[PDB]
Each structure stands twice: as C-alpha cells, then as structure tokens.
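*Asks:* Next comes protein_6.txt, compact mmCIF, C-alpha atoms:
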# COMPACT_ATOMS: atom_id res chain seq x y z
CA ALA A 342 -6.55 -27.31 -18.06
CA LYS A 343 -4.02 -28.50 -15.40
CA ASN A 344 -4.58 -31.78 -13.52
CA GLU A 345 -3.43 -31.74 -9.92
CA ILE A 346 -5.01 -32.50 -6.56
CA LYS A 347 -3.10 -31.44 -3.49
CA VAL A 348 -4.70 -32.40 -0.24
CA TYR A 349 -3.68 -30.46 2.86
CA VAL A 350 -4.42 -30.58 6.57
CA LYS A 351 -6.70 -27.83 7.89
CA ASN A 352 -5.00 -25.25 10.09
CA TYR A 353 -1.88 -27.31 10.64
CA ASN A 354 0.49 -25.57 13.07
CA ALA A 355 -2.08 -22.84 13.29
CA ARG A 356 -3.47 -21.11 16.36
CA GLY A 357 -6.92 -21.05 14.70
CA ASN A 358 -9.05 -19.85 13.09
CA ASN A 359 -6.42 -18.65 10.64
CA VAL A 360 -5.22 -21.15 8.03
CA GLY A 361 -1.92 -22.65 8.92
CA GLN A 362 0.54 -23.90 6.42
CA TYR A 363 -2.42 -24.25 4.04
CA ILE A 364 -1.00 -25.92 0.90
CA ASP A 365 2.67 -25.41 1.72
CA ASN A 366 2.10 -28.68 3.62
CA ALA A 367 0.28 -30.90 1.11
CA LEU A 368 0.43 -34.37 -0.45
CA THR A 369 0.44 -33.39 -4.10
CA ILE A 370 -1.05 -35.73 -6.77
CA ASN A 371 -0.63 -35.29 -10.50
CA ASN A 372 0.74 -38.34 -12.30
CA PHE A 373 -2.66 -39.09 -13.90
CA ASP A 374 -3.00 -41.69 -16.64
CA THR A 375 -3.50 -40.84 -20.28
CA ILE A 376 -4.51 -43.36 -22.93
CA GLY A 377 -2.92 -44.16 -26.27
CA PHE A 378 -4.69 -44.35 -29.62
CA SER A 379 -4.14 -45.29 -33.29
CA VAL A 380 -4.70 -43.35 -36.56
CA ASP A 381 -3.82 -43.50 -40.29
CA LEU B 293 2.00 -10.28 18.21
CA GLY B 294 0.33 -9.47 21.55
CA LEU B 295 3.59 -7.94 22.78
CA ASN B 296 3.54 -4.85 24.96
CA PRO B 297 5.28 -2.29 22.74
CA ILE B 298 6.38 -0.12 25.61
CA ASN B 299 8.90 -2.50 27.26
CA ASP B 300 8.98 -5.78 25.25
CA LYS B 301 11.13 -4.79 22.26
CA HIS B 302 13.74 -7.26 23.60
CA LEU B 303 11.29 -10.07 22.80
CA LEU B 304 11.49 -9.60 19.00
CA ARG B 305 13.81 -12.54 18.69
CA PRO B 306 13.38 -15.68 16.59
CA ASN B 307 12.57 -18.18 19.40
CA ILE B 308 9.65 -16.06 20.56
CA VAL B 309 8.34 -14.73 17.21
CA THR B 310 8.83 -15.78 13.60
CA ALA B 311 7.87 -14.21 10.26
CA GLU B 312 7.67 -15.88 6.84
CA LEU B 313 6.46 -14.79 3.41
CA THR B 314 4.89 -17.24 0.96
CA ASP B 315 3.04 -17.15 -2.35
CA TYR B 316 1.53 -20.56 -1.58
CA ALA B 317 3.48 -21.89 -4.57
CA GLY B 318 6.62 -22.88 -2.74
CA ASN B 319 8.36 -19.53 -3.10
CA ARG B 320 9.08 -18.55 0.51
CA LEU B 321 11.03 -15.99 2.57
CA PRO B 322 12.06 -16.64 6.19
CA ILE B 323 12.54 -13.58 8.43
CA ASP B 324 14.53 -13.31 11.67
CA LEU B 325 12.78 -10.66 13.72
CA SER B 326 15.97 -9.87 15.70
CA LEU B 327 17.31 -7.99 12.66
CA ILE B 328 14.61 -5.39 11.84
CA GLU B 329 15.81 -2.37 13.82
CA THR B 330 12.31 -1.00 14.37
CA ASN B 331 9.97 -1.81 11.47
CA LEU B 332 8.78 -4.80 9.50
CA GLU B 333 8.33 -2.75 6.27
CA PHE B 334 8.04 -4.69 3.00
CA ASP B 335 9.06 -2.78 -0.17
CA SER B 336 9.49 -4.41 -3.61
CA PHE B 337 11.70 -4.53 -6.67
CA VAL B 338 9.53 -5.15 -9.67
CA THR B 339 10.57 -5.14 -13.30
CA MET B 340 7.78 -5.59 -15.88
CA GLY B 341 6.80 -5.88 -19.52
CA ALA B 342 10.13 -6.93 -20.98
CA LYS B 343 10.86 -9.26 -18.02
CA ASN B 344 8.13 -10.12 -15.51
CA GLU B 345 9.30 -10.49 -11.93
CA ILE B 346 8.33 -9.03 -8.58
CA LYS B 347 10.71 -9.62 -5.72
CA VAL B 348 9.57 -8.27 -2.39
CA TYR B 349 12.24 -7.61 0.25
CA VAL B 350 12.28 -6.45 3.84
CA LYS B 351 13.57 -2.92 4.43
CA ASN B 352 16.98 -2.65 6.11
CA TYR B 353 16.99 -6.27 7.24
CA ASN B 354 20.08 -7.01 9.38
CA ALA B 355 21.03 -3.41 8.87
CA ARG B 356 22.22 -0.89 11.41
CA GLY B 357 20.19 1.79 9.58
CA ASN B 358 19.82 3.94 7.64
CA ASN B 359 21.89 1.95 5.13
CA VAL B 360 19.98 -0.73 3.20
CA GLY B 361 20.60 -4.17 4.56
CA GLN B 362 20.44 -7.29 2.53
CA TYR B 363 18.25 -5.35 0.13
CA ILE B 364 17.13 -7.89 -2.50
CA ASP B 365 19.61 -10.62 -1.59
CA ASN B 366 16.87 -11.50 0.95
CA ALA B 367 13.64 -11.49 -1.07
CA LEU B 368 10.60 -13.58 -1.92
CA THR B 369 10.87 -13.64 -5.67
CA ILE B 370 7.74 -13.99 -7.84
CA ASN B 371 7.75 -14.77 -11.58
CA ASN B 372 5.64 -17.76 -12.61
CA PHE B 373 2.99 -15.50 -14.20
CA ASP B 374 0.17 -16.97 -16.31
CA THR B 375 0.09 -16.72 -20.09
CA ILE B 376 -2.94 -17.52 -22.18
CA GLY B 377 -3.28 -19.82 -25.19
CA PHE B 378 -4.94 -18.91 -28.50
CA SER B 379 -6.02 -20.43 -31.83
CA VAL B 380 -5.18 -19.54 -35.46
CA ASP B 381 -5.40 -20.94 -39.01
CA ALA B 462 -1.76 -22.94 -34.84
CA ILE B 463 -3.06 -23.79 -31.37
CA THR B 464 -0.11 -22.43 -29.34
CA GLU B 465 -0.73 -23.18 -25.66
CA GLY B 466 -1.18 -21.11 -22.54
CA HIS B 467 0.95 -21.42 -19.41
CA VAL B 468 -0.62 -21.83 -15.99
CA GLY B 469 0.85 -20.61 -12.71
CA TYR B 470 -0.97 -18.55 -10.13
CA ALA B 471 -4.32 -18.73 -11.93
CA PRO B 472 -6.31 -21.33 -9.93
CA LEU B 473 -4.91 -19.77 -6.77
CA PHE B 474 -6.55 -16.51 -7.81
CA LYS B 475 -9.96 -18.11 -8.30
CA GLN B 476 -9.68 -18.97 -4.59
CA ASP B 477 -8.61 -15.40 -3.69
CA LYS B 478 -5.15 -16.57 -2.68
CA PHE B 479 -3.07 -15.16 -5.52
CA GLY B 480 -0.90 -12.88 -3.51
CA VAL B 481 1.96 -12.58 -1.07
CA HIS B 482 1.24 -13.78 2.48
CA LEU B 483 2.97 -13.24 5.86
CA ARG B 484 3.01 -15.84 8.59
CA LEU B 485 3.58 -14.37 12.01
CA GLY B 486 4.30 -17.11 14.52
CA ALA C 462 13.55 -12.48 -37.96
CA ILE C 463 12.70 -11.14 -34.47
CA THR C 464 15.71 -12.60 -32.61
CA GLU C 465 15.30 -11.77 -28.91
CA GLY C 466 17.29 -9.83 -26.35
CA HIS C 467 18.68 -11.25 -23.10
CA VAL C 468 18.05 -9.48 -19.80
CA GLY C 469 20.35 -9.58 -16.77
CA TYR C 470 21.52 -6.52 -14.85
CA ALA C 471 19.33 -4.10 -16.81
CA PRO C 472 16.42 -3.36 -14.44
CA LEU C 473 18.98 -3.21 -11.60
CA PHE C 474 20.66 -0.36 -13.45
CA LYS C 475 17.44 1.64 -13.81
CA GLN C 476 17.43 1.68 -10.00
CA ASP C 477 21.12 2.64 -9.85
CA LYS C 478 22.13 -0.67 -8.38
CA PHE C 479 23.96 -2.21 -11.30
CA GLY C 480 27.33 -2.57 -9.71
CA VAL C 481 29.44 -4.45 -7.20
CA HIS C 482 28.63 -3.78 -3.52
CA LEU C 483 30.53 -4.36 -0.25
CA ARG C 484 28.79 -5.23 3.02
CA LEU C 485 30.88 -4.38 6.03
CA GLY C 486 29.38 -5.92 9.12
CA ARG D 147 17.69 -10.04 21.07
CA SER D 148 20.54 -12.02 19.45
CA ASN D 149 22.34 -13.81 22.35
CA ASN D 150 21.38 -17.32 23.45
CA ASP D 151 20.44 -16.09 26.90
CA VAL D 152 16.72 -17.08 26.77
CA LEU D 153 14.39 -19.61 28.43
CA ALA D 154 13.66 -23.09 27.05
CA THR D 155 10.86 -22.54 24.54
CA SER D 156 9.02 -25.07 22.33
CA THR D 157 5.49 -23.96 21.41
CA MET D 158 5.57 -21.78 18.34
CA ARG D 159 2.36 -21.62 16.30
CA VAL D 160 1.09 -19.62 13.32
CA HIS D 161 -0.29 -16.85 15.43
CA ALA D 162 -1.54 -14.41 12.82
CA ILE D 163 -1.62 -13.94 9.03
CA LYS D 164 -1.65 -10.74 7.00
CA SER D 165 -1.52 -10.78 3.22
CA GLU D 166 -1.34 -8.36 0.29
CA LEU D 167 -3.77 -10.03 -2.02
CA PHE D 168 -3.73 -9.59 -5.80
CA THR D 169 -7.28 -8.62 -6.23
CA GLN D 170 -7.44 -7.33 -9.82
CA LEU D 171 -5.25 -8.06 -12.83
CA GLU D 172 -3.67 -6.43 -15.87
CA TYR D 173 -2.32 -7.86 -19.17
CA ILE D 174 0.57 -7.36 -21.58
CA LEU D 175 -0.16 -8.47 -25.09
CA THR D 176 3.33 -8.70 -26.47
CA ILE D 177 3.48 -9.30 -30.26
CA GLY D 178 5.96 -8.71 -33.07
CA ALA D 179 3.84 -6.58 -35.35
CA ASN D 180 2.66 -2.98 -35.20
CA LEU D 181 -1.05 -3.50 -34.29
CA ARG D 182 -1.95 0.13 -35.07
CA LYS D 183 -1.32 0.35 -38.87
CA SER D 184 -2.68 -1.38 -42.03
CA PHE D 185 -2.99 -5.20 -42.13
CA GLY D 186 -4.71 -5.45 -45.51
CA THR D 187 -6.83 -8.43 -46.59
CA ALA D 188 -6.44 -12.17 -47.19
CA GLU D 189 -5.42 -11.81 -50.85
CA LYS D 190 -3.29 -8.71 -50.27
CA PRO D 191 -1.54 -9.09 -46.88
CA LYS D 192 0.66 -6.45 -45.20
CA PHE D 193 2.92 -7.21 -42.20
CA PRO D 194 3.68 -4.00 -40.20
CA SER D 195 7.00 -4.51 -38.40
CA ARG E 147 2.46 -31.57 23.61
CA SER E 148 5.55 -29.82 22.16
CA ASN E 149 8.18 -29.87 24.98
CA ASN E 150 10.72 -32.70 25.32
CA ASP E 151 9.35 -33.63 28.73
CA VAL E 152 8.27 -37.20 27.88
CA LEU E 153 9.31 -40.76 28.75
CA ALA E 154 11.80 -42.80 26.71
CA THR E 155 9.68 -44.35 23.94
CA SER E 156 10.72 -46.70 21.10
CA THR E 157 7.86 -48.87 19.84
CA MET E 158 5.89 -47.03 17.19
CA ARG E 159 3.99 -49.20 14.72
CA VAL E 160 1.42 -48.62 11.96
CA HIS E 161 -1.54 -48.85 14.24
CA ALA E 162 -4.42 -48.11 11.90
CA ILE E 163 -5.08 -47.14 8.29
CA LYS E 164 -7.88 -45.05 6.84
CA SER E 165 -8.05 -44.19 3.16
CA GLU E 166 -10.18 -42.20 0.72
CA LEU E 167 -10.20 -44.58 -2.19
CA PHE E 168 -10.71 -43.49 -5.79
CA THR E 169 -13.45 -45.86 -6.61
CA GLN E 170 -14.82 -44.59 -9.93
CA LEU E 171 -13.22 -42.48 -12.65
CA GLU E 172 -13.95 -39.67 -15.11
CA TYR E 173 -12.23 -38.59 -18.36
CA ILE E 174 -11.25 -35.39 -20.18
CA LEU E 175 -10.86 -35.80 -23.89
CA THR E 176 -8.90 -32.71 -24.73
CA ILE E 177 -8.51 -32.06 -28.49
CA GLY E 178 -7.91 -29.10 -30.78
CA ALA E 179 -10.96 -29.30 -32.97
CA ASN E 180 -14.64 -28.54 -32.45
CA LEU E 181 -16.04 -32.07 -32.24
CA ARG E 182 -19.64 -30.80 -32.52
CA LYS E 183 -19.70 -29.38 -36.07
CA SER E 184 -19.13 -30.70 -39.64
CA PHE E 185 -16.05 -32.84 -40.41
CA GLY E 186 -16.93 -33.72 -43.97
CA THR E 187 -15.59 -36.75 -45.81
CA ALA E 188 -12.24 -38.14 -46.93
CA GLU E 189 -12.21 -36.34 -50.33
CA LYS E 190 -13.69 -33.09 -48.95
CA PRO E 191 -12.23 -32.56 -45.44
CA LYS E 192 -13.26 -29.74 -43.06
CA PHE E 193 -11.27 -28.91 -39.90
CA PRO E 194 -13.45 -27.10 -37.33
CA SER E 195 -11.17 -24.98 -35.13
CA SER E 196 -11.42 -25.59 -31.39
CA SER E 197 -13.49 -22.94 -29.57
CA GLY E 198 -11.70 -23.00 -26.20
CA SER E 199 -13.15 -23.22 -22.68
CA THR E 200 -12.09 -21.87 -19.26
CA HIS E 201 -11.88 -24.07 -16.17
CA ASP E 202 -10.39 -23.21 -12.82
CA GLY E 203 -9.55 -19.83 -14.35
CA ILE E 204 -7.26 -21.13 -17.09
CA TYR E 205 -8.23 -20.58 -20.70
CA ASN E 206 -7.62 -23.54 -22.91
CA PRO E 207 -7.17 -22.98 -26.61
CA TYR E 208 -8.50 -26.57 -26.89
CA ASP E 209 -11.89 -28.11 -26.36
CA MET E 210 -12.23 -30.21 -23.21
CA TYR E 211 -14.85 -32.96 -23.60
CA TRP E 212 -16.29 -34.72 -20.57
CA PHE E 213 -17.04 -38.40 -19.97
CA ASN E 214 -18.11 -40.20 -16.80
CA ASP E 215 -18.52 -43.61 -18.47
CA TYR E 216 -15.74 -45.53 -20.27
CA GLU E 217 -18.17 -46.90 -22.83
CA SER E 218 -19.31 -43.35 -23.60
CA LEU E 219 -15.72 -42.31 -24.32
CA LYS E 220 -15.04 -45.53 -26.25
CA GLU E 221 -17.99 -44.97 -28.60
CA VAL E 222 -16.53 -41.57 -29.46
CA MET E 223 -12.92 -42.78 -29.66
CA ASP E 224 -14.24 -45.27 -32.20
CA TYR E 225 -16.38 -42.77 -34.13
CA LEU E 226 -13.15 -40.77 -34.39
CA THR E 227 -11.19 -43.49 -36.14
CA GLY E 228 -13.28 -42.72 -39.24
CA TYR E 229 -11.86 -39.20 -39.29
CA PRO E 230 -7.98 -39.39 -39.04
CA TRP E 231 -7.67 -35.63 -39.82
CA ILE E 232 -9.87 -34.66 -36.83
CA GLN E 233 -8.32 -37.42 -34.67
CA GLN E 234 -4.91 -36.09 -35.60
CA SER E 235 -5.54 -33.17 -33.22
CA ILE E 236 -6.02 -34.90 -29.90
CA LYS E 237 -3.63 -33.82 -27.15
CA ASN E 238 -4.56 -36.67 -24.85
CA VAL E 239 -7.32 -38.34 -23.06
CA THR E 240 -6.63 -38.07 -19.32
CA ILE E 241 -8.05 -40.26 -16.56
CA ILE E 242 -9.03 -38.33 -13.45
CA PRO E 243 -10.76 -39.48 -10.22
CA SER E 244 -14.54 -39.20 -9.85
CA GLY E 245 -16.51 -36.32 -8.36
CA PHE E 246 -14.08 -33.49 -8.92
CA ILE E 247 -16.02 -31.73 -11.69
CA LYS E 248 -19.03 -29.50 -11.07
CA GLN E 249 -22.12 -30.34 -13.15
CA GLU E 250 -22.68 -26.65 -13.96
CA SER E 251 -19.22 -26.53 -15.49
CA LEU E 252 -20.54 -28.85 -18.24
CA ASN E 253 -22.59 -28.16 -21.35
CA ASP E 254 -25.52 -30.44 -22.02
CA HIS E 255 -25.21 -33.40 -24.39
CA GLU E 256 -24.53 -31.82 -27.80
CA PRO E 257 -24.29 -34.17 -30.81
CA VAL E 258 -20.90 -35.06 -32.32
CA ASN E 259 -20.17 -34.66 -36.08
CA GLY E 260 -23.50 -35.92 -37.29
CA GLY E 261 -24.21 -37.23 -34.91
CA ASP E 262 -25.50 -40.35 -33.25
CA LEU E 263 -23.20 -39.66 -30.24
CA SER E 264 -23.10 -36.84 -27.70
CA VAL E 265 -20.18 -35.13 -26.02
CA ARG E 266 -20.23 -32.55 -23.21
CA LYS E 267 -17.99 -29.49 -23.53
CA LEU E 268 -16.40 -28.64 -20.16
CA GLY E 269 -16.04 -24.89 -19.56
CA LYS E 270 -18.58 -22.40 -18.28
CA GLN E 271 -15.86 -20.50 -16.33
CA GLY E 272 -16.48 -22.69 -13.24
CA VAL E 273 -14.06 -24.32 -10.80
CA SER E 274 -13.61 -27.85 -9.58
CA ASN E 275 -14.86 -29.19 -6.28
CA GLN E 276 -12.32 -28.25 -3.61
CA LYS E 277 -13.29 -31.61 -2.18
CA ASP E 278 -13.65 -32.12 1.57
CA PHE E 279 -11.77 -35.51 1.83
CA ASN E 280 -13.85 -37.14 4.55
CA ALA E 281 -13.15 -40.90 4.35
CA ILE E 282 -9.68 -40.03 5.63
CA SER E 283 -10.53 -37.19 8.10
CA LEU E 284 -10.96 -37.70 11.86
CA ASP E 285 -12.70 -35.12 14.05
CA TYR E 286 -11.44 -34.89 17.63
CA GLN E 287 -13.63 -37.56 19.09
CA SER E 288 -13.01 -39.88 16.17
CA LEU E 289 -9.27 -39.29 16.25
CA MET E 290 -8.72 -40.00 19.94
CA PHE E 291 -10.99 -42.94 19.38
CA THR E 292 -9.05 -44.49 16.48
Can I see the file as structure tokens?
*Replies:*
Amino acid sequence: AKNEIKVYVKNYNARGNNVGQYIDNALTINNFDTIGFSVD
Amino acid sequence: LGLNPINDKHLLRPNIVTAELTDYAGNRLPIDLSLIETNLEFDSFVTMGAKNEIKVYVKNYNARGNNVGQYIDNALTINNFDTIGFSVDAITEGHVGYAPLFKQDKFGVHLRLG
Amino acid sequence: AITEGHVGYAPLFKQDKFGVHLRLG
Amino acid sequence: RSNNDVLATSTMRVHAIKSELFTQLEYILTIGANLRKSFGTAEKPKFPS
Amino acid sequence: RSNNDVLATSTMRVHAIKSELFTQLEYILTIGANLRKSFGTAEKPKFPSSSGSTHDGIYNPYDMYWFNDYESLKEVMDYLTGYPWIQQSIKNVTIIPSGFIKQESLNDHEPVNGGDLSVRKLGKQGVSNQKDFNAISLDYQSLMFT
C-alpha cells in the first residue's frame, strides 16, 4: 500500500529496556523505482 | 523519576529531568518540567467529524495557577488520520497515516521522561 | 453541487475560547 | 528550579516511557447523500440529498 | 562517556564500513482490475473490477500482484499488451528490496485471464517483515572489535 523502510537504532539514548527514540531517529528510505510501459 | 517527593521538588528542572510527547510520526511536544506547578496532567482539545484533530496540551504549563497557562499554544497536535479507498462502476484512493503504526501497537501518544 | 464549508475558529468557540487573549507574565 | 545555579550535568537518558495507546478505533463515513431513504433501482435512480 | 572531560582530539577518519546490501529484488504490480478473471476480446471487452487487499493494515482499492522474478513479471507485462483496456488501469509497478514480504501474506499461484500465466495476489491482512538488519549491526563484542 505504502512503500517505506525506516531503519532505526535499538534503544538509542535509552536507559533500557525501554525503547529510546525508536523511529524518531531513523534513516528513512522510500524513493523506490517504478517502471514505465506502453499501450495503445 | 526516582525522585524523593518529600524534599526534591526543587529538582524538577530541565537539566535534571526532561519530558517529551511524540506520536512517532514526527509530531512532538517538548516540556520544561520547571513550569508545571505541581502536576504533569495532560488534557486534550479534540474536534471531530467535521474537522478531525486532537491536540493534547499540558495543564497550566508555565502558569502560576489556577489560570490556564499556554493552554493549546503548547500542544502536540494530531491530525494525519487514515482514510480508506473504495471501488465503484471509480477507484478513488485511500490515505495512509497512522495505520501501520497501529498494527505494531504504537498508534498513540507517547511520553518520554528523561 | 455540495460546495464545502471552511473551518477555522469554530470548535474554539464551542469551548468559549474564540477570542483574543492577553497573557500577563 | 529556574535559575542557572546548578551543578555541571551531562548524562540525560530516556529514563522511562508512559503512553496512552489507541487500542480500538471508530469510523466516520461521511457522504453527500441521505443513506436512510429510497435509492431506487438501476433503471429508475433516486438521489436523496 | 558524555562529559567534556576528554583530551584535545582532531583526527577522525572513516575507519570501517559495514553495509546491508540489497542484493535481490521483488515487485508489486499494483493495478485496478482483477487480473484473474475474464477480460474478453477487442470487440467484446469486459473490465473486471479490482477486489482490493489489505497489507500492513491499509486497505487498497487496487489489486497488488506479487513477483519475485523479473521474467515472471515480464511474461505478464507482455500478456497485458494484448489487452490495452485492462492495461490502461495500472497504477505502477514498483521495485522493492527482497525479503520484506511474508509468504503467508500471498495467495497461491492463481491463473491470469485464461490463463497460461500465474499471478499472486498480495493481501491476507498480514504485515511485512520488520526486518532485523544484521549485516550492518554490531553487538558489543563485535563493535569494540571493529
């Protein structure tokens, strides 16, 4: 439905074992390729 | 916070403790604990149906109570709600927001005590 | 048609907060 | 609590987390037609405002 | 580790690099027509409405069709050229990285229009793999090591 991988670092800035910043500190990927086609 | 409530009230200051709200979608709210007179109470200001938006504020923040403080001028404001697509004989599309967060049980407002 | 309404200070007013406020500090 | 009279401090960490989770959901189906009166059929359509 | 009690230091350099490389790929062919029932012919066209699936808790009015081989997708992209009124309703074909889709989020190989070809509807309510990225992760020992 929606194409996006954001990869985070586990328990960053956290005093574990709670999650830290979780995804508020993530490298976020979503410029995926789409492919063109032809029709008549 | 592991603070002794009986004689450590003078330690509720930003360089010892910090509070932040987030919806894990980039909407955030920083909080300066030196400004809550005695209670970290979160109330909200939600309008629905016609316009969908929940903004959650902190009660009497920076206030010398019992007047309201910043009220909603200091609020974590939520309104990227999901809509759902359907088909007809058009195909008009759904909008995605907090959905995949919810299938991880993280759709919600979170507080980070530091 | 169904031409839509615009919302601004409305839900503020149903909480009696539609108005201009002064913060003396 | 406000003055800058405090000791050099550098080691803040996310100490605890509490959260009001949205556990169940509700829905508004917002359409421009009165869903609770006669539609009709394909050949004879009615459009309740 | 946090205080400013450390010696004057100036000579940082990119010491090492680890990377989780996207080695193989997968494809979602996301169109607004039910690829797996009758299209018809040029003179008598039928337009099967897209059923809709639900992945990662988002309902799609469209059909999402899975492919983990280019050739598989090509064979179907080609089969589709002979039906410009069904092909008309493609939103895109996206290229994603491998191993992010759960097998039990995929229907089995159902036949296309006729068909000689099979396509796998992606739905079944399921989520994606919340992948543990390990090629790039260093446990304590391994970190201090590297």
*Asks:* Would you mind listing, as a ChimeraX atom specification, all residues of chain B that have at least one atom within 7 Å of chain D, where all atoms listed in the file are what counts?
*Replies:* /B:302-305,307,326,341,478-486
*Asks:* Have a look at E:284, E:290, E:163, E:175 and name the one nearest to residue 213 of chain E; count only C-alpha atoms.
*Replies:*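 Under the stated criterion, the closest residue is E:175.
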*Asks:* Record the distance separating atom CA of residue 361 of chain A and atom CA of residue 283 of chain E, expressed in Å with one decimal.
*Replies:* 16.9 Å
*Asks:* Name all residues at most 7 Å from residue 258 of chain E (count all atoms listed in the file; drop same-chain ones fewer than 3 positions away) and give them as a PyMOL selection string.
*Replies:* chain E and resi 181-183+261+263-265
*Asks:* For chain B, work out the contacting residues on chain C at 10 Å, counting all atoms listed in the file, and write them as a VMD selection string.
*Replies:* chain C and resid 466 to 469 471 to 473 475 to 476 484 486
*Asks:* Within 10 Å of chain E, which residues of chain A show up when using only C-alpha atoms, listed as a list in words?
*Replies:*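 Per the criterion, chain A yields residues 342, 343, 344, 345, 346, 347, 348, 349, 350, 371, 372, 373, 374, 375, 376, 377, 378, 379, 380 and 381 of chain A.
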*Asks:* At what distance in Å, to one decimal, does atom CA of residue 477 of chain C lie from atom CA of residue 333 of chain B?
*Replies:*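 Between atom CA of residue 333 of chain B and atom CA of residue 477 of chain C the gap is 21.3 Å.
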*Asks:* Write out as a list in words the residues lying within 12 Å of residue 162 of chain E, counting all atoms listed in the file and excluding same-chain residues fewer than 5 positions away.
*Replies:*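 Final neighbour list, sorted by chain and number: residues 282, 289, 291 and 292 of chain E.
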*Asks:* Near chain B, which residues of chain A fall within 8 Å when you count all atoms listed in the file, and what do they look like as a list in words?
*Replies:* residues 343, 363, 364 and 365 of chain A
*Asks:* Kindly compute an axis-aligned box around the listed atoms of segment 358-370 of chain A, allowing 6 Å on each side, and express its centre and edge lengths in Å to one decimal as lines of an AutoDock Vina configuration file.
*Replies:*
center_x = -3.2
center_y = -27.2
center_z = 3.2
size_x = 23.7
size_y = 29.1
size_z = 31.9
*Asks:* Give me, as JSON lines, the closest atom pair and its distance (Å, one decimal) for every residue of chain D within a cut-off of 12 Å of chain C, counting only C-alpha atoms, rows sorted by chain and rising number.
*Replies:*
{"residue": "D:177", "atom": "CA", "partner": "C:463", "partner_atom": "CA", "distance": 10.3}
{"residue": "D:178", "atom": "CA", "partner": "C:463", "partner_atom": "CA", "distance": 7.3}
{"residue": "D:179", "atom": "CA", "partner": "C:463", "partner_atom": "CA", "distance": 10.0}
{"residue": "D:195", "atom": "CA", "partner": "C:463", "partner_atom": "CA", "distance": 9.6}
*Asks:* How many Å lie between atom CA of residue 285 of chain E and atom CA of residue 473 of chain B, rounded to one decimal?
*Replies:* 27.0 Å
*Asks:* Compute the chain E side of the contact with chain D at 12 Å, counting all atoms listed in the file, and hand it back as a PyMOL selection string.
*Replies:* chain E and resi 147-151
*Asks:* Find the spatial neighbours of residue 348 of chain B, counting only C-alpha atoms, within a cut-off of 9 Å - ignore same-chain residues fewer than 5 positions away - and output them as a list in words.
*Replies:*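 Counting only the stated atoms, we get residues 334, 335, 336, 337, 338, 364, 366, 367, 368, 369, 370 and 481 of chain B.
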*Asks:* Which chain A residues have any atom within 9 Å of an atom of chain D, and for each, what is the nearest pair of atoms with distance in Å to one decimal, counting all atoms listed in the file, rows sorted by chain and number, as a Markdown table?
*Replies:*
| residue | atom | partner | partner_atom | distance |
| --- | --- | --- | --- | --- |
| A:352 | CA | D:160 | CA | 8.9 |
| A:353 | CA | D:160 | CA | 8.7 |
| A:354 | CA | D:159 | CA | 5.4 |
| A:355 | CA | D:160 | CA | 4.5 |
| A:356 | CA | D:161 | CA | 5.4 |
| A:357 | CA | D:161 | CA | 7.9 |
| A:359 | CA | D:162 | CA | 6.8 |
| A:360 | CA | D:163 | CA | 8.1 |
| A:361 | CA | D:160 | CA | 6.1 |
| A:362 | CA | D:160 | CA | 8.1 |
*Asks:* Print the selection's residues with C-alpha atoms to a file, as a tab-separated table (two decimals), in the frame of the given file.
*Replies:*
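Full text of out.tsv as output:
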chain	number	residue	atom	x	y	z
A	352	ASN	CA	-5.00	-25.25	10.09
A	353	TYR	CA	-1.88	-27.31	10.64
A	354	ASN	CA	0.49	-25.57	13.07
A	355	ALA	CA	-2.08	-22.84	13.29
A	356	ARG	CA	-3.47	-21.11	16.36
A	357	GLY	CA	-6.92	-21.05	14.70
A	359	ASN	CA	-6.42	-18.65	10.64
A	360	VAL	CA	-5.22	-21.15	8.03
A	361	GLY	CA	-1.92	-22.65	8.92
A	362	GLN	CA	0.54	-23.90	6.42
*Asks:* Looking at E:235, E:169, E:256, E:220, which one is nearest to chain B, with distances taken over only C-alpha atoms?
*Replies:*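 Ranked by minimum distance to chain B, first place goes to E:235.
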